[PDB]
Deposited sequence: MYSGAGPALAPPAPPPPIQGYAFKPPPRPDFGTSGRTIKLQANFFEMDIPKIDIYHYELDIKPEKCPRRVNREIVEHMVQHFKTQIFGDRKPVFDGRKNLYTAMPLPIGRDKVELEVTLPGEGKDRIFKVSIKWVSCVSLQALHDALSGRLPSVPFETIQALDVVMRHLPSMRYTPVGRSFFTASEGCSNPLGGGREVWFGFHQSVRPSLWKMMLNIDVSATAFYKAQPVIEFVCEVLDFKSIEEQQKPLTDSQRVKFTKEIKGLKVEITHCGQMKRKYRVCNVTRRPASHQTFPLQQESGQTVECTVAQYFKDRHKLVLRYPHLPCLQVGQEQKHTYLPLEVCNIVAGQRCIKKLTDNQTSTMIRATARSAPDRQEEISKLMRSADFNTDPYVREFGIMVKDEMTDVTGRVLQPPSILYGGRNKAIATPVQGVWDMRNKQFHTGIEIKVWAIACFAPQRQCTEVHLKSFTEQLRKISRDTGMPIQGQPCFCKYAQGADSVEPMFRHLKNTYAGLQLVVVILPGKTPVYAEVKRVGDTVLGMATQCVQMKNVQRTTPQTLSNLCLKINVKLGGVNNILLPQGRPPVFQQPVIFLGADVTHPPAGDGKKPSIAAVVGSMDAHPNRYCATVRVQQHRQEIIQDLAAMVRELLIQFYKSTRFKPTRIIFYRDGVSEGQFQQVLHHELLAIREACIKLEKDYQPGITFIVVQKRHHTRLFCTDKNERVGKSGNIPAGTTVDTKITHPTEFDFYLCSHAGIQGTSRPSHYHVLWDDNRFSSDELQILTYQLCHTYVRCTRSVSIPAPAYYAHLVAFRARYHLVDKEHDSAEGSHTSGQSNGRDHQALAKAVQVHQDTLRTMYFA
């Protein structure tokens, strides 16, 4: 239950396509490099400060120790191309910097020869410690030149300024990572951008925050309304006077009246520093320890450069950010290439110390474009849809199994002035028309239609409906826009009363269109238990010859900066042989834990419901797990694979179905581009839907592939990466690749191939719904949150999450 399976074979399906990847081939020398442990007292220092210490320590002790150019990981690991005068002997060094003790112990040799063998068929697995060393080599210089953020590097772009307002601006940067592959070692490079605080005087920072055209408007002290807004923006930020300080608070009193025991601030700077403040009417920054009385005037302070903006951007700052960084696929391709030529890695003195060479051109890789499956619809017509470039339509087609809607109601929470009875009548006309074409006929008018206001009217209205109207199938809820009513409608519908609801924005009622209404019917039919369509049965892979269940799993974590909100784990399982219908389980779990804690219980529920639905027991389980990074593969696989087994074992026997465990990663830094201009699709110029890459850039020994299953509308498509961590079923590359691709076509909310398999997509929708059930509510704590996300008995077997 541990080591992943090797690649069984290579795919042969689909026509070939010429691609370029943002991977850059690396030539590594076959020489031993020397690894040294370090220790710096004190070691509470920031990572950047540790690099400084070693920086000077290396030059201060050039003679008799560092005669050459070593690299340092910022904590405790130092690498040299040639050995030092050491042995395993410690060396206590005393270093000085505008008071540190640095100890240096040898630890081991790192053979780059053993890496060539691992990348070959010679060695079974890739030595992590070797990949780690190469990474520190490539990161040494940029970790000091630029501002490190994750695996990326950022800097103020020379000659340009991308202001966001509020004292913030866009910095451009790039991601950098070292990866083994079937071919060589690869440097993965991709461009990015993020928000940074402008390194400007605090005075200018105030003006942008408070929206002043200039200071001196006015020369009166700030209103508490202004002083609070400004305090919220600058608190926690670092400022400089030679001397750096983090702002912990903004004083209430102006510098002229704000005092401290040794006297007003404006007077202290008059006497001690001989400075007369130009704006004494303004408050002071309290800096350092919150429990001391260190106050700086705004005039003598700058925001120190290189501080990323962690807080959420405003709506306008966001809009600005999007415009500044949006790029078609070809444009992004050129931005990466331009960056790399300018990057000039090969002139890096440290890269060259270790004799590493980096190719300045994108690796060429051959992909295949898989054929889409045929989609089977219903009605008498029984039409077959044929996806083209990842898209099809429902025109002249009807659901495989459409629901007849006899009893339904409308509840309009939009103001009657805004959303008229006429609007509602007209909306009902068009929806019924579209529902007829669509195969899910709404046979009559709503049995109930009443205006209402506020979250309070929801539950009493829904209780009345459930009691009054027998066989009620659906409540359509009209909402004015963004409102807390939505979360309430879903609380009551999903968890309290177990009633199907379909919300619609007022603006989409006032002005409808055939495409919107059609998409709206896709959701409604599913919610009411229908089947929109199915994969052409005879076109499916062999796996469907025996009972199989398809599982999707995801964990969604709280936003950045949050500290106490729970993580939400969601698992969904197919309930028919199509596969189309899914049931869902959801749990709250520990803050920022990726491992699905209660998975065994969740899978047991799904297996039971599968048997109740199909009267089969799955002979195979295909589990698609979203969002686990490589550094978590072993941990996650260990717990979750055994959890699936546990579920089976506890159910019966000797019930041991084959498990295929697949990790899906949509958010990585691999990008694929069309080599030939006439292969690019649409305005965004992306690779076509179905493009598959299982060679060259993929893993040297293990079973992984990229599949870009969707049409790229805008920007640069993210090709989803799939990694097989376990496979009892012994899939070939072809079967697995085709299976995954076909499951991307079974997503009920649209007639498009989506970017990840339906089961994994549904798991996201389930987690996000739970998050809505928990709005403003996030042992005794756990049970409260657990109950909030527990859906009504009548909702359990439904696709309420659609």
- Could you sort out which parts of the deposited sequence are absent from the coordinates (no C-alpha) and give them as ranges from 1? 1 to 21, 89, 121 to 126, 270 to 275, 297 to 305, 822 to 835
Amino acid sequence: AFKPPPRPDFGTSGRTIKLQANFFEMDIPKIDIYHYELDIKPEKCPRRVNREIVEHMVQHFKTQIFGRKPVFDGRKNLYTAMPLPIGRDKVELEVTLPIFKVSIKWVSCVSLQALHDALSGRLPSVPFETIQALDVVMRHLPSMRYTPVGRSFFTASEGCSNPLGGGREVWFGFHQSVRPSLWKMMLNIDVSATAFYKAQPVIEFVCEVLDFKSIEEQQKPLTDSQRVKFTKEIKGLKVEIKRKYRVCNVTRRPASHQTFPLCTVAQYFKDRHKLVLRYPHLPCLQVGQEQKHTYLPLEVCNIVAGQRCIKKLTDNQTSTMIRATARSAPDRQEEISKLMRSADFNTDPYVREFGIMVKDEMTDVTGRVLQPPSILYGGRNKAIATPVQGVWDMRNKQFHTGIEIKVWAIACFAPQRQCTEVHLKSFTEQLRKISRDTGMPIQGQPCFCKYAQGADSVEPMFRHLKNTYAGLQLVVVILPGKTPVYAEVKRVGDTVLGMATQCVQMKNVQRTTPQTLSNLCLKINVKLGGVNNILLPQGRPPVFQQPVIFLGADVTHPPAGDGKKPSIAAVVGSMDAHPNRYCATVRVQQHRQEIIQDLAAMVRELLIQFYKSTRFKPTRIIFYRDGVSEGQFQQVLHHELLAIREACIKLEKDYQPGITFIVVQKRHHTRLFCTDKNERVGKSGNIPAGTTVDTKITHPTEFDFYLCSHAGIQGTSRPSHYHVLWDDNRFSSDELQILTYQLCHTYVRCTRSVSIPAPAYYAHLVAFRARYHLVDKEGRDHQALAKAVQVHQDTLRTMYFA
From here on, numbers count along this sequence of modelled residues.
- Query: Taking the recorded C-alpha temperature factors, which stretch has the higher mean, 521 to 529 or 507 to 515?
  - Reply: 507 to 515
- Task: Between 731 to 739 and 49 to 57, point out the one with the higher average CA B-factor as the PDB entry records it.
- Result: 49 to 57
- Given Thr660, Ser225, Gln389, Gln371, the residue at which the Cα B factor reaches its maximum: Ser225
- Message: So if I compare the CA B-factors in the entry for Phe413, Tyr486, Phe345, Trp408, which one is the largest?
- Response: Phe345
- Message: Sorting by Cα B-factor within the chain, modelled residues only, which third would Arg463 end up in: lowest, middle or highest?
- Response: middle
- Please rank the C-alpha B-factors of the chain's modelled residues and tell me whether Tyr279 sits in the lowest, middle or highest third. highest
- Third assignment of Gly11 from its chain's C-alpha B-factors: middle
- Task: Taking the chain's C-alpha temperature factors as the reference, tell me which third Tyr268 falls into: lowest, middle or highest.
- Result: highest
- Lowest, middle or highest third of the chain for the C-alpha temperature factor of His638? middle
